[PDB]
file model.cif (mmCIF, C-alpha atoms and all ligand atoms)
data_input
#
loop_
_atom_site.label_atom_id
_atom_site.label_comp_id
_atom_site.auth_asym_id
_atom_site.auth_seq_id
_atom_site.Cartn_x
_atom_site.Cartn_y
_atom_site.Cartn_z
CA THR A 1 -276.01 -14.07 -18.38
CA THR A 2 -272.79 -12.10 -18.44
CA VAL A 3 -271.45 -9.94 -21.26
CA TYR A 4 -267.68 -9.62 -21.42
CA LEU A 5 -266.02 -6.71 -23.24
CA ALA A 6 -262.51 -6.95 -24.70
CA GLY A 7 -261.16 -3.77 -26.24
CA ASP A 8 -258.97 -0.69 -25.84
CA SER A 9 -259.16 2.88 -24.49
CA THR A 10 -262.13 3.71 -26.72
CA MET A 11 -264.06 1.06 -24.79
CA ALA A 12 -262.39 0.97 -21.38
CA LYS A 13 -263.43 2.46 -18.06
CA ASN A 14 -261.66 5.90 -17.80
CA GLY A 15 -261.05 5.91 -21.55
CA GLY A 16 -257.77 7.58 -22.39
CA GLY A 17 -257.51 9.68 -19.22
CA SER A 18 -258.15 13.41 -18.61
CA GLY A 19 -261.94 13.22 -18.52
CA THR A 20 -262.50 10.81 -21.39
CA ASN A 21 -264.36 7.54 -21.04
CA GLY A 22 -264.96 4.38 -23.00
CA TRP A 23 -268.20 3.22 -24.57
CA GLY A 24 -268.30 -0.04 -22.66
CA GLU A 25 -269.15 2.06 -19.60
CA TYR A 26 -272.53 3.01 -21.12
CA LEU A 27 -273.80 -0.43 -22.16
CA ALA A 28 -275.06 -1.85 -18.87
CA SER A 29 -277.98 0.60 -18.68
CA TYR A 30 -279.44 -1.01 -21.78
CA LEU A 31 -278.98 -4.73 -21.08
CA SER A 32 -280.69 -7.04 -18.64
CA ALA A 33 -277.36 -8.88 -18.33
CA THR A 34 -274.28 -8.24 -16.14
CA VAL A 35 -271.56 -6.36 -18.04
CA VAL A 36 -267.89 -6.96 -17.29
CA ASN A 37 -265.70 -4.42 -18.99
CA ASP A 38 -262.26 -6.02 -19.52
CA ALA A 39 -261.06 -3.40 -22.00
CA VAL A 40 -257.69 -1.80 -21.19
CA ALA A 41 -256.06 1.34 -22.59
CA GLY A 42 -253.22 0.82 -25.07
CA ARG A 43 -253.98 -2.79 -26.06
CA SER A 44 -254.09 -4.30 -29.58
CA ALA A 45 -255.24 -7.84 -30.58
CA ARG A 46 -251.55 -8.88 -30.12
CA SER A 47 -250.76 -7.41 -26.66
CA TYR A 48 -254.20 -8.32 -25.29
CA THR A 49 -253.41 -11.95 -26.29
CA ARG A 50 -249.80 -11.81 -25.05
CA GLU A 51 -250.85 -10.40 -21.66
CA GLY A 52 -253.19 -13.35 -21.17
CA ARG A 53 -256.37 -11.23 -21.28
CA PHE A 54 -258.32 -13.28 -23.81
CA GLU A 55 -257.29 -16.39 -21.79
CA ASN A 56 -258.63 -14.95 -18.57
CA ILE A 57 -262.04 -14.28 -20.14
CA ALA A 58 -261.94 -17.89 -21.44
CA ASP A 59 -261.40 -19.10 -17.84
CA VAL A 60 -264.58 -17.47 -16.42
CA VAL A 61 -266.97 -17.40 -19.40
CA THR A 62 -269.73 -20.04 -19.35
CA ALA A 63 -272.25 -21.34 -21.88
CA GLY A 64 -274.74 -18.65 -22.81
CA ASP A 65 -272.49 -15.70 -22.03
CA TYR A 66 -271.48 -13.10 -24.62
CA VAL A 67 -268.02 -11.78 -25.43
CA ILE A 68 -267.75 -8.61 -27.51
CA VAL A 69 -264.32 -8.04 -29.02
CA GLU A 70 -263.34 -4.76 -30.61
CA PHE A 71 -259.78 -3.83 -31.59
CA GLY A 72 -258.00 -1.91 -34.33
CA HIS A 73 -256.91 1.47 -32.96
CA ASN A 74 -253.58 0.22 -31.63
CA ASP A 75 -253.00 -2.51 -34.21
CA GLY A 76 -251.14 -0.67 -36.95
CA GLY A 77 -247.67 0.81 -37.03
CA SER A 78 -244.31 -0.62 -38.06
CA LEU A 79 -242.65 -3.77 -36.71
CA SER A 80 -239.18 -2.26 -37.47
CA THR A 81 -239.64 -0.08 -34.36
CA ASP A 82 -241.74 -2.67 -32.49
CA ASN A 83 -243.96 -1.05 -29.83
CA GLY A 84 -245.33 -4.38 -28.61
CA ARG A 85 -248.73 -3.74 -30.17
CA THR A 86 -248.38 -3.93 -33.95
CA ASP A 87 -249.72 -7.16 -35.44
CA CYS A 88 -248.13 -9.08 -38.29
CA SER A 89 -249.30 -7.90 -41.76
CA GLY A 90 -251.73 -10.10 -43.64
CA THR A 91 -255.21 -11.52 -43.36
CA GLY A 92 -254.41 -15.17 -42.76
CA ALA A 93 -251.89 -17.58 -41.24
CA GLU A 94 -248.85 -15.33 -41.86
CA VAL A 95 -246.36 -15.22 -39.01
CA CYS A 96 -243.85 -12.55 -37.91
CA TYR A 97 -241.04 -12.61 -35.35
CA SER A 98 -239.73 -9.67 -33.39
CA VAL A 99 -237.75 -9.22 -30.23
CA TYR A 100 -239.93 -7.38 -27.76
CA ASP A 101 -239.49 -7.22 -24.00
CA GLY A 102 -236.71 -9.84 -23.95
CA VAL A 103 -238.60 -12.47 -25.99
CA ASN A 104 -238.24 -13.42 -29.71
CA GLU A 105 -242.04 -13.16 -29.98
CA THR A 106 -244.18 -15.07 -32.50
CA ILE A 107 -246.63 -12.47 -33.88
CA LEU A 108 -249.87 -13.35 -35.68
CA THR A 109 -252.09 -11.33 -38.00
CA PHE A 110 -255.00 -9.24 -36.62
CA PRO A 111 -257.58 -11.71 -38.00
CA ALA A 112 -255.66 -14.71 -36.59
CA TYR A 113 -255.70 -13.31 -33.03
CA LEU A 114 -259.45 -12.62 -33.16
CA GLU A 115 -260.20 -16.02 -34.73
CA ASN A 116 -258.18 -17.84 -32.09
CA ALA A 117 -259.98 -15.97 -29.27
CA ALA A 118 -263.39 -16.70 -30.86
CA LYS A 119 -262.56 -20.42 -31.05
CA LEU A 120 -261.67 -20.59 -27.34
CA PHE A 121 -264.93 -18.87 -26.33
CA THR A 122 -267.16 -20.64 -28.84
CA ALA A 123 -265.97 -24.13 -27.77
CA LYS A 124 -267.25 -23.38 -24.25
CA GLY A 125 -270.65 -22.28 -25.56
CA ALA A 126 -270.26 -18.50 -25.37
CA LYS A 127 -271.67 -16.25 -28.08
CA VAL A 128 -268.92 -14.21 -29.69
CA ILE A 129 -269.41 -10.91 -31.42
CA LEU A 130 -266.50 -9.34 -33.25
CA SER A 131 -266.97 -5.58 -33.70
CA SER A 132 -265.09 -3.15 -35.96
CA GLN A 133 -263.18 -0.36 -34.24
CA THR A 134 -264.82 3.04 -33.68
CA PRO A 135 -263.81 5.90 -35.97
CA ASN A 136 -261.35 8.68 -35.04
CA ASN A 137 -262.96 12.18 -35.21
CA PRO A 138 -264.18 12.36 -38.90
CA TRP A 139 -264.90 16.10 -38.53
CA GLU A 140 -261.36 16.86 -37.40
CA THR A 141 -260.66 19.04 -40.47
CA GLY A 142 -263.97 20.88 -40.41
CA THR A 143 -265.55 18.73 -43.15
CA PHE A 144 -266.67 15.11 -42.94
CA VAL A 145 -264.16 12.50 -43.99
CA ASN A 146 -265.18 8.87 -44.29
CA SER A 147 -262.00 6.73 -44.21
CA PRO A 148 -262.16 3.24 -42.66
CA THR A 149 -258.98 1.47 -41.61
CA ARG A 150 -258.06 -1.99 -42.85
CA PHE A 151 -259.04 -3.31 -39.41
CA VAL A 152 -262.70 -2.62 -40.16
CA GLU A 153 -262.79 -5.16 -42.99
CA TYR A 154 -260.36 -7.46 -41.10
CA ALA A 155 -262.87 -7.81 -38.25
CA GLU A 156 -265.59 -8.71 -40.73
CA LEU A 157 -263.30 -11.33 -42.37
CA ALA A 158 -262.40 -12.78 -38.93
CA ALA A 159 -266.08 -13.22 -38.03
CA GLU A 160 -266.69 -14.95 -41.38
CA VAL A 161 -263.78 -17.43 -40.93
CA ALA A 162 -264.48 -18.15 -37.20
CA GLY A 163 -268.21 -18.58 -37.83
CA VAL A 164 -269.29 -15.96 -35.25
CA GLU A 165 -271.31 -12.72 -35.35
CA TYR A 166 -270.07 -9.43 -36.73
CA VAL A 167 -271.36 -5.94 -35.84
CA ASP A 168 -270.18 -3.03 -38.00
CA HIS A 169 -269.74 -0.55 -35.13
CA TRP A 170 -267.52 1.67 -37.29
CA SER A 171 -270.22 2.39 -39.88
CA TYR A 172 -272.96 3.05 -37.38
CA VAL A 173 -270.83 5.56 -35.45
CA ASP A 174 -269.61 7.30 -38.62
CA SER A 175 -273.17 7.46 -39.92
CA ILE A 176 -274.49 9.14 -36.75
CA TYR A 177 -271.40 11.43 -36.49
CA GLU A 178 -272.11 12.56 -40.02
CA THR A 179 -275.65 13.55 -39.10
CA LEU A 180 -274.56 15.19 -35.81
CA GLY A 181 -272.45 17.81 -37.55
CA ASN A 182 -269.06 19.46 -37.14
CA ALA A 183 -269.48 21.51 -33.91
CA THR A 184 -271.11 18.66 -31.99
CA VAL A 185 -268.76 15.82 -32.96
CA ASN A 186 -265.71 18.00 -32.32
CA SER A 187 -266.99 18.62 -28.81
CA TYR A 188 -266.84 14.84 -28.19
CA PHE A 189 -263.05 14.85 -28.67
CA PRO A 190 -261.55 17.01 -25.86
CA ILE A 191 -257.83 16.21 -26.08
CA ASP A 192 -257.09 14.25 -29.27
CA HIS A 193 -258.96 12.72 -32.20
CA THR A 194 -259.50 9.32 -30.59
CA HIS A 195 -260.81 9.52 -27.03
CA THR A 196 -264.40 10.45 -26.42
CA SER A 197 -265.86 12.57 -23.59
CA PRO A 198 -268.73 10.95 -21.58
CA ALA A 199 -271.28 12.38 -24.03
CA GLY A 200 -269.37 10.98 -27.03
CA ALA A 201 -269.01 7.57 -25.32
CA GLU A 202 -272.81 7.46 -24.81
CA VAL A 203 -273.37 8.25 -28.52
CA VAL A 204 -270.85 5.52 -29.46
CA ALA A 205 -272.59 2.98 -27.17
CA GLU A 206 -276.04 3.82 -28.59
CA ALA A 207 -274.62 3.38 -32.14
CA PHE A 208 -273.40 -0.13 -31.22
CA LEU A 209 -276.89 -0.96 -29.98
CA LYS A 210 -278.47 0.59 -33.11
CA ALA A 211 -276.21 -1.77 -35.18
CA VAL A 212 -277.36 -4.74 -33.04
CA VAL A 213 -281.12 -4.12 -33.55
CA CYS A 214 -280.72 -3.33 -37.26
CA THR A 215 -278.63 -6.42 -38.04
CA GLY A 216 -280.46 -8.87 -35.74
CA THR A 217 -277.40 -9.78 -33.65
CA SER A 218 -278.09 -12.37 -30.90
CA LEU A 219 -277.43 -9.75 -28.20
CA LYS A 220 -280.90 -8.37 -29.18
CA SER A 221 -282.36 -10.82 -26.68
CA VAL A 222 -280.99 -9.06 -23.57
CA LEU A 223 -281.56 -5.51 -24.94
CA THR A 224 -284.01 -3.52 -22.76
CA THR A 225 -284.95 -0.93 -25.42
CA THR A 226 -284.59 -0.26 -29.18
CA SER A 227 -285.25 3.50 -28.99
CA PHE A 228 -282.12 5.00 -30.60
CA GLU A 229 -281.68 7.71 -33.21
CA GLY A 230 -280.34 7.09 -36.71
CA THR A 231 -281.29 4.61 -39.39
CA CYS A 232 -280.27 1.06 -40.37
CA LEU A 233 -276.95 0.89 -42.31
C1 LIG B 301 -265.99 22.87 -36.70
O1 LIG B 301 -266.18 23.03 -35.30
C2 LIG B 301 -265.06 23.63 -34.66
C3 LIG B 301 -265.30 23.46 -33.18
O2 LIG B 301 -266.63 23.80 -32.84
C4 LIG B 301 -264.95 25.08 -35.10
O3 LIG B 301 -263.76 25.65 -34.53
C5 LIG B 301 -263.90 26.59 -33.52
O4 LIG B 301 -264.47 27.77 -34.09
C6 LIG B 301 -264.73 28.78 -33.10
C7 LIG B 301 -265.52 29.89 -33.79
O5 LIG B 301 -264.74 30.58 -34.77
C8 LIG B 301 -263.39 29.25 -32.49
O6 LIG B 301 -263.65 30.21 -31.43
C9 LIG B 301 -262.83 31.34 -31.37
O7 LIG B 301 -261.58 30.95 -30.78
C10 LIG B 301 -260.65 32.03 -30.68
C11 LIG B 301 -259.35 31.50 -30.10
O8 LIG B 301 -258.88 30.45 -30.97
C12 LIG B 301 -257.64 29.87 -30.69
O9 LIG B 301 -257.55 29.30 -29.39
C13 LIG B 301 -258.30 28.08 -29.22
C14 LIG B 301 -258.13 27.58 -27.81
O10 LIG B 301 -256.71 27.47 -27.55
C15 LIG B 301 -256.37 26.77 -26.38
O11 LIG B 301 -257.16 25.61 -26.14
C16 LIG B 301 -256.93 24.50 -27.05
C17 LIG B 301 -257.83 23.29 -26.66
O12 LIG B 301 -257.58 22.86 -25.31
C18 LIG B 301 -255.41 24.16 -27.13
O13 LIG B 301 -255.19 23.30 -28.26
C19 LIG B 301 -254.50 25.41 -27.28
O14 LIG B 301 -253.12 25.06 -27.12
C20 LIG B 301 -254.89 26.52 -26.27
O15 LIG B 301 -254.56 26.13 -24.93
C21 LIG B 301 -257.82 27.04 -30.24
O16 LIG B 301 -258.63 25.87 -30.11
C22 LIG B 301 -257.94 27.59 -31.66
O17 LIG B 301 -257.40 26.63 -32.60
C23 LIG B 301 -257.91 26.62 -33.90
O18 LIG B 301 -257.43 27.71 -34.71
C24 LIG B 301 -256.06 27.58 -35.22
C25 LIG B 301 -255.87 28.60 -36.36
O19 LIG B 301 -256.49 29.85 -36.03
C26 LIG B 301 -255.76 26.14 -35.76
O20 LIG B 301 -254.34 25.97 -35.83
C27 LIG B 301 -256.35 24.99 -34.93
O21 LIG B 301 -256.27 23.77 -35.68
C28 LIG B 301 -257.80 25.27 -34.58
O22 LIG B 301 -258.59 25.29 -35.78
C29 LIG B 301 -257.20 28.93 -31.79
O23 LIG B 301 -255.79 28.72 -31.68
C30 LIG B 301 -261.20 33.15 -29.81
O24 LIG B 301 -260.27 34.24 -29.84
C31 LIG B 301 -262.55 33.62 -30.37
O25 LIG B 301 -263.11 34.63 -29.51
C32 LIG B 301 -263.50 32.44 -30.52
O26 LIG B 301 -263.84 31.91 -29.23
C33 LIG B 301 -262.59 28.06 -31.94
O27 LIG B 301 -261.26 28.48 -31.64
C34 LIG B 301 -262.52 26.91 -32.96
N1 LIG B 301 -261.95 25.72 -32.33
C35 LIG B 301 -261.14 24.90 -33.00
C36 LIG B 301 -260.61 23.70 -32.24
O28 LIG B 301 -260.81 25.08 -34.17
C37 LIG B 301 -264.83 25.15 -36.63
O29 LIG B 301 -265.09 26.50 -37.06
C38 LIG B 301 -265.76 24.21 -37.40
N2 LIG B 301 -265.11 23.96 -38.68
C39 LIG B 301 -265.55 24.54 -39.79
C40 LIG B 301 -264.80 24.25 -41.09
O30 LIG B 301 -266.57 25.24 -39.80
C1 LIG B 302 -236.98 -15.87 -33.98
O1 LIG B 302 -237.38 -17.23 -34.29
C2 LIG B 302 -237.42 -17.53 -35.71
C3 LIG B 302 -237.86 -18.98 -35.88
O2 LIG B 302 -238.79 -19.39 -34.88
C4 LIG B 302 -236.05 -17.33 -36.33
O3 LIG B 302 -236.09 -17.63 -37.73
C5 LIG B 302 -235.60 -15.90 -36.11
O4 LIG B 302 -234.29 -15.72 -36.67
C6 LIG B 302 -235.60 -15.60 -34.59
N1 LIG B 302 -235.24 -14.21 -34.39
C7 LIG B 302 -234.17 -13.90 -33.66
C8 LIG B 302 -233.86 -12.42 -33.52
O5 LIG B 302 -233.45 -14.75 -33.11
#
call {"tool": "encode", "arguments": {"input": "model.cif", "output": "structure tokens"}}
result
Amino acid sequence: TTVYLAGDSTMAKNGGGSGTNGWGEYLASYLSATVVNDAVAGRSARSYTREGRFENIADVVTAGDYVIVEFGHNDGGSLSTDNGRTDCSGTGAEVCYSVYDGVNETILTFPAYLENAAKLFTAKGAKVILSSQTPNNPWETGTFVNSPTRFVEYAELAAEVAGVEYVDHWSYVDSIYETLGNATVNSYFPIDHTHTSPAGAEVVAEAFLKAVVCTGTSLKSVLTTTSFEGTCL
């Protein structure tokens, strides 16, 4: 069994640079399955699709494998000053066009990209798990601020429409960060409010696994332990 990870710098090996790391790097210790971390810094659901990264996972994935998809951090912004990452606004079949990198590109909504990827993987027999993006430092101002992005609910909607599993990674990380306190969570963010240090990546990875056990996600079957702090929800 192989577990494929598709995500951004919050998940990728080497994180966002300068000593940060991604949470996908701390998953393998807890699974009896091979983990292939295909997350890449700077990618959104759009650019990951455009660069052929979802397609490449589709090529090697086999029946019984898992694919965990988690995007959102790089998905916002404005299409007027197109950075190649911003998705089209909307929750459904809406379509946008923008000239980026010498191509009049057809741009889909965030949910559309995730649904399309899930359909490719599911048709081959892989188990797909859409996961909401991790939160940016909620203690940044000294007090706890709980503010999810639209991509948190969008991921849930995508899982509903595609008929796959959903893991609310956002809530589980924000819940544990709230209990950790100001001084500790701030120490997890060395250079900005997004990229986690190795300790913060470990906490983020454990929170994903806490979400899996609490919700009963299929991945539970290759989980080596359920000993993680926090509570369900
Ligand atoms: C939530 O937790 C926070 C982190 O644990 C905590 O904030 C810390 O509080 C301690 C205790 O009071 C402070 O320690 C004291 O720091 C001063 C020197 O402070 C100044 O210099 C530091 C370091 O500057 C350099 O490094 C940083 C990071 O690499 C660079 O950004 C920077 O360019 C320099 O190279 C700097 O972090 C401090 O910044 C804070 O203060 C200013 C206003 O005063 C703000 O503009 C800024 O947003 C930030 O709040 C500051 O410029 C030293 O002289 C003392 O001896 C003592 O060591 C920490 O500085 C402080 N750290 C931070 C990031 O704030 C909070 O108290 C807590 N929140 C609440 C509400 O309780
Ligand atoms: C891109 O293609 C769409 C139709 O597919 C068209 O309506 C739009 O004008 C094109 N954009 C540019 C800049 O040519």
call {"tool": "residues_near_ligand", "arguments": {"input": "model.cif", "ligand": "ligand LIG 302 (chain B)", "cutoff": "12 Å", "atoms": "only C-alpha atoms and all ligand atoms", "output": "MDAnalysis selection string"}}
result
chainID A and resid 95:100 102:107
call {"tool": "residues_near_ligand", "arguments": {"input": "model.cif", "ligand": "ligand LIG 301 (chain B)", "cutoff": "10 Å", "atoms": "only C-alpha atoms and all ligand atoms", "output": "compact mmCIF listing (two decimals) with C-alpha atoms, keeping the file's coordinate frame"}}
result
# COMPACT_ATOMS: atom_id res chain seq x y z
CA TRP A 139 -264.90 16.10 -38.53
CA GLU A 140 -261.36 16.86 -37.40
CA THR A 141 -260.66 19.04 -40.47
CA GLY A 142 -263.97 20.88 -40.41
CA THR A 143 -265.55 18.73 -43.15
CA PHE A 144 -266.67 15.11 -42.94
CA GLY A 181 -272.45 17.81 -37.55
CA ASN A 182 -269.06 19.46 -37.14
CA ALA A 183 -269.48 21.51 -33.91
CA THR A 184 -271.11 18.66 -31.99
CA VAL A 185 -268.76 15.82 -32.96
CA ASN A 186 -265.71 18.00 -32.32
CA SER A 187 -266.99 18.62 -28.81
CA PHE A 189 -263.05 14.85 -28.67
CA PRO A 190 -261.55 17.01 -25.86
CA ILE A 191 -257.83 16.21 -26.08
CA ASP A 192 -257.09 14.25 -29.27
call {"tool": "axis_aligned_box", "arguments": {"input": "model.cif", "around": "range 20-36 of chain A", "padding_each_side": "6 Å", "output": "AutoDock Vina command-line options"}}
result
--center_x -271.6 --center_y 1.0 --center_z -20.4 --size_x 30.2 --size_y 31.7 --size_z 20.4
call {"tool": "residues_around", "arguments": {"input": "model.cif", "residues": "range 69-80 of chain A", "least_positions_apart": "3", "cutoff": "7 Å", "atoms": "only C-alpha atoms", "output": "PyMOL selection string"}}
result
chain A and resi 5-8+42-45+85-87+129-133+151
call {"tool": "atom_distance", "arguments": {"input": "model.cif", "atom1": "CA of residue 215 in chain A", "atom2": "CA of residue 166 in chain A"}}
result
9.2 Å
call {"tool": "residues_around", "arguments": {"input": "model.cif", "residues": "residue 117 in chain A", "least_positions_apart": "2", "cutoff": "9 Å", "atoms": "only C-alpha atoms", "output": "MDAnalysis selection string"}}
result
chainID A and resid 49 54:55 58 112:115 119:122
call {"tool": "residues_around", "arguments": {"input": "model.cif", "residues": "residue 199 in chain A", "least_positions_apart": "5", "cutoff": "9 Å", "atoms": "all atoms listed in the file", "output": "count of residues only"}}
result
4
call {"tool": "atom_distance", "arguments": {"input": "model.cif", "atom1": "CA of residue 170 in chain A", "atom2": "CA of residue 135 in chain A"}}
result
5.8 Å
call {"tool": "atom_distance", "arguments": {"input": "model.cif", "atom1": "CA of residue 217 in chain A", "atom2": "CA of residue 31 in chain A"}}
result
13.6 Å
call {"tool": "residues_near_point", "arguments": {"input": "model.cif", "point": "(-270.8, -7.3, -14.8)", "cutoff": "9 Å", "atoms": "all atoms listed in the file", "output": "MDAnalysis selection string"}}
result
chainID A and resid 2:4 28 33:37
call {"tool": "closest_residue", "arguments": {"input": "model.cif", "among": "A:89, A:194, A:32, A:221", "to": "residue 46 in chain A", "atoms": "only C-alpha atoms"}}
result
A:89
call {"tool": "residues_around", "arguments": {"input": "model.cif", "residues": "residue 171 in chain A", "least_positions_apart": "6", "cutoff": "12 Å", "atoms": "all atoms listed in the file", "output": "list in words"}}
result
residues 131, 132, 133, 134, 135, 136, 138, 146, 147, 148, 149, 152, 153, 177, 178, 204, 207, 208, 210, 211, 230, 231, 232 and 233 of chain A
call {"tool": "closest_residue", "arguments": {"input": "model.cif", "among": "A:18, A:90, A:167, A:158", "to": "residue 220 in chain A", "atoms": "all atoms listed in the file"}}
result
A:167
call {"tool": "closest_residue", "arguments": {"input": "model.cif", "among": "A:137, A:179, A:226, A:1", "to": "residue 193 in chain A", "atoms": "all atoms listed in the file"}}
result
A:137
call {"tool": "residues_around", "arguments": {"input": "model.cif", "residues": "residue 30 in chain A", "least_positions_apart": "4", "cutoff": "8 Å", "atoms": "only C-alpha atoms", "output": "PyMOL selection string"}}
result
chain A and resi 223-225
call {"tool": "write_last_selection", "arguments": {"input": "model.cif", "atoms": "C-alpha atoms", "output": "short mmCIF file (atom, residue, chain, number, x, y, z; two decimals), in the frame of the given file"}}
result
data_model
loop_
_atom_site.label_atom_id
_atom_site.label_comp_id
_atom_site.auth_asym_id
_atom_site.auth_seq_id
_atom_site.Cartn_x
_atom_site.Cartn_y
_atom_site.Cartn_z
CA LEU A 223 -281.56 -5.51 -24.94
CA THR A 224 -284.01 -3.52 -22.76
CA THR A 225 -284.95 -0.93 -25.42
#
